[PDB]
Amino acid sequence: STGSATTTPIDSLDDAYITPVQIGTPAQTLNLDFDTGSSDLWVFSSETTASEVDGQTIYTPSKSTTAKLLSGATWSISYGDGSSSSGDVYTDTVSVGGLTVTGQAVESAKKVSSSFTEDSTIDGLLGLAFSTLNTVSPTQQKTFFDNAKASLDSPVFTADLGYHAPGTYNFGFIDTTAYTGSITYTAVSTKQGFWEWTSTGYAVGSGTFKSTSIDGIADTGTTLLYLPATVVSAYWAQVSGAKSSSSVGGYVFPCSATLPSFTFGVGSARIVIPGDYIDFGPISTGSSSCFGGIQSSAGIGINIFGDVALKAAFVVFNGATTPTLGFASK
């Protein structure tokens, strides 16, 4: 089997992407944030504290003839941005772009933090990291990909995120028309439960490539590119007027600037992030100070290849017995 679904930016900055997901019988379609940095599929629901729902589409398990309470199971998660959610668990039928999993754990939110409430466009998350990170207790549950894997034509999914435009998540096949040149594959460590890999270096604009190992995670659920302070300083030093602002919470730059590209290494290959991808617009409405899309990972404890990086590539998440990651230009 295979699946193919379009993923759409939630706003004009590409702050996140949503992908329609069919849950239950008859189908209830929710727009979920596919997140290769976590491993819970959770949804706004009829069980969510009413004051914490503001415009989201909810899953109502009592209206699904295939929903079954997973007795005793609870979940609770906190994300790297400080947001959180928790609740109980159902199993139900879940389909993504034509690919169907029966018995998928669907984590129903009873509580969500303000960040989720305030984002009307995201109805929940669909985790695509390794199932070892799944928070369901006392019986850990598998991700959608893990459940689908054996049935897939090939045990892979691909992320093809658009810049200011829709893109695609494919399951079970590699669309050879979706990228240019060849795909370069690189080793993955699953020890922390992430799609963790080592970039071979970077360049700033037309500058020379610096060969240096950068350990990081491929994370579709993180907006920006978080890299070591040395790397990030080298980038923003090429932008007149750019500075790190403690009050704003990162590097800002004059909105009048033209940003240089940023290149990262995948083995001997190179992925180029155009400068425009690194512009996240005014820090506040009407400001001439703009927020940068490359930020320091210092104090996160891990480097994160988020959407800013991944949207410059066609990315293969290879879930074979020994997982790997592939990157192609597009």
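Note that the numbering runs from 1 along the sequence shown for the chain.
No side-chain heavy atom of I283 sits under 4.5 Å from any side-chain heavy atom of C290. Between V232 and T230, every side-chain heavy-atom pair lies at or beyond the 4.5 Å cut-off.
Of the options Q141, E107, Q140, a side chain to side chain donor-acceptor pair (under 3.5 Å) to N134 is made by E107 and by none of the others. Each of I214, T263, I294, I273 was checked for a side-chain contact (heavy atoms from CB on, under 4.5 Å) with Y202, and the lone residue meeting it is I214.
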Subject >> Derivation of the side-chain contact (heavy atoms from CB on, under 4.5 Å) call for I302 and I304 >> reply: CA-CA 6 Å; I302 199 153; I304 306 174; 3.9 Å; yes
Original post:
Stepwise, does the side-chain contact (heavy atoms from CB on, under 4.5 Å) test hold for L32 with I18?
Top reply: CA-CA 5 Å; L32 303 189; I18 51 175; over 6 Å; no
Original post:
Is there a side-chain contact (heavy atoms from CB on, under 4.5 Å) between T190 and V188 once you walk through the steps?
Top reply: CA-CA 6 Å; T190 65; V188 166; 4.1 Å; yes
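Side chains of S76 and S86: no donor on one and acceptor on the other come within 3.5 Å. For the residue pair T66 / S64, a side-chain donor-acceptor distance below 3.5 Å is found, with atom types taken as modelled. No side-chain donor from either of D123 and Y59 sits under 3.5 Å from a side-chain acceptor of the other. Neither side chain, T74 nor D88, offers a donor N or O lying under 3.5 Å from an acceptor on the other. Looking at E47 and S108, their side chains do bring a donor and an acceptor atom within 3.5 Å of each other.
Taking the six-membered ring for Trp, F116 and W42 have ring centres closer than 6.0 Å. The aromatic ring centroids of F327 and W197 lie less than 6.0 Å from each other.
Between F144 and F171, the ring planes are perpendicular. Angles over 60° get that label, and only those under 30° would be called parallel. Taking the six-membered ring where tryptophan is involved, the planes of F145 and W195 are tilted, since the angle between them lies from 30° to 60°.
With hydrophobic clusters built from ILVMFWY side chains whose heavy atoms lie under 4.5 angstrom apart, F264 shares a cluster with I300. Under the 4.5 Å side-chain heavy-atom criterion for grouping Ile, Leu, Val, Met, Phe, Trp and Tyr, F209 is not connected to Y235 through any hydrophobic cluster. Under the 4.5 Å side-chain heavy-atom criterion for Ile, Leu, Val, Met, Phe, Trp and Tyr, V231 and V272 are members of distinct hydrophobic clusters. A continuous path of hydrophobic side-chain contacts links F262 to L13 [ILVMFWY only; heavy atoms under 4.5 Å]. No path of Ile, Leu, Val, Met, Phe, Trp and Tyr side chains, each step under 4.5 Å between heavy atoms, connects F173 with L128, placing them in separate hydrophobic clusters.
In terms of modelled atom types and a separation under 3.5 Å, the side chain of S245 and the main chain of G250 share no donor-acceptor contact. Under the 3.5 Å distance criterion, the side-chain polar atoms of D153 are matched with a main-chain donor or acceptor of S1. Side-chain atoms of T29 never come within 3.5 Å of backbone atoms of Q22 as a donor-acceptor pair (strictly under, hydrogens ignored). Side-chain atoms of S287 come within 3.5 Å of backbone atoms of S289 as a donor-acceptor pair (strictly under, hydrogens ignored). In terms of modelled atom types and a separation under 3.5 Å, the side chain of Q295 and the main chain of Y251 share a donor-acceptor contact. Here the side chain of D40 pairs a donor or acceptor atom with the backbone of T135 at under 3.5 angstrom. Counting only distance, with no hydrogens or angles, the side chain of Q56 and the backbone of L30 share no donor-acceptor pair below 3.5 Å. A donor-acceptor pair under 3.5 Å links the side-chain atoms of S297 to the main chain of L227, judged by distance alone. Looking only at distances, no side-chain donor or acceptor of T186 sits under 3.5 Å from a matching main-chain atom of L325. A distance-only check finds no donor-acceptor pair linking the side chain of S154 to the backbone of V156 [under 3.5 Å].
Nearest approach of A109 to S45, heavy atoms of both residues: O-OG, 3.2 Å. Scanning both residues, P9 and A165, for their nearest heavy atoms gives CD-O, 3.4 Å. Across every non-hydrogen atom of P166 and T6, the tightest pair is CB-CG2, 3.8 Å. Nearest heavy atoms, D160 versus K330: OD1-NZ, 2.8 Å. A pairwise comparison of heavy atoms in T223 and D15 identifies OG1-O, 2.6 Å as the closest pair. Closest approach of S83 to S115, counting heavy atoms only: CB-CB, 4.0 Å.
In this structure, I278 CD1 and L224 CG are separated by 10.5 Å, a value rounded to the nearest 0.5 Å. Between atom CG of residue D219 and atom OG of residue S38 there is a gap of 7.5 Å, rounded to the nearest 0.5 Å. Atom CG of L41 and atom OG1 of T143 lie 9.0 Å apart (nearest 0.5 Å). Considering CZ of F44 and CG of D54, their distance stands at 9.0 Å, rounded to 0.5 Å. Note that CG of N31 and OG1 of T19 are 8.0 Å apart. Values are rounded to the nearest 0.5 Å.
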Anything under 3.5 Å between a donor and an acceptor, one on a side chain of residues 305-322, the other on a protein residue two or more places apart or in another chain? List them.
residue : atom : partner : partner atom : Å
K311    : NZ   : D14     : OD2          : 2.8
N318    : OD1  : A320    : N            : 3.1
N318    : ND2  : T324    : OG1          : 2.9

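Identified under the side chain to side chain donor-acceptor pair (under 3.5 Å) test for residues 268-285, with sequence neighbours left out: none.
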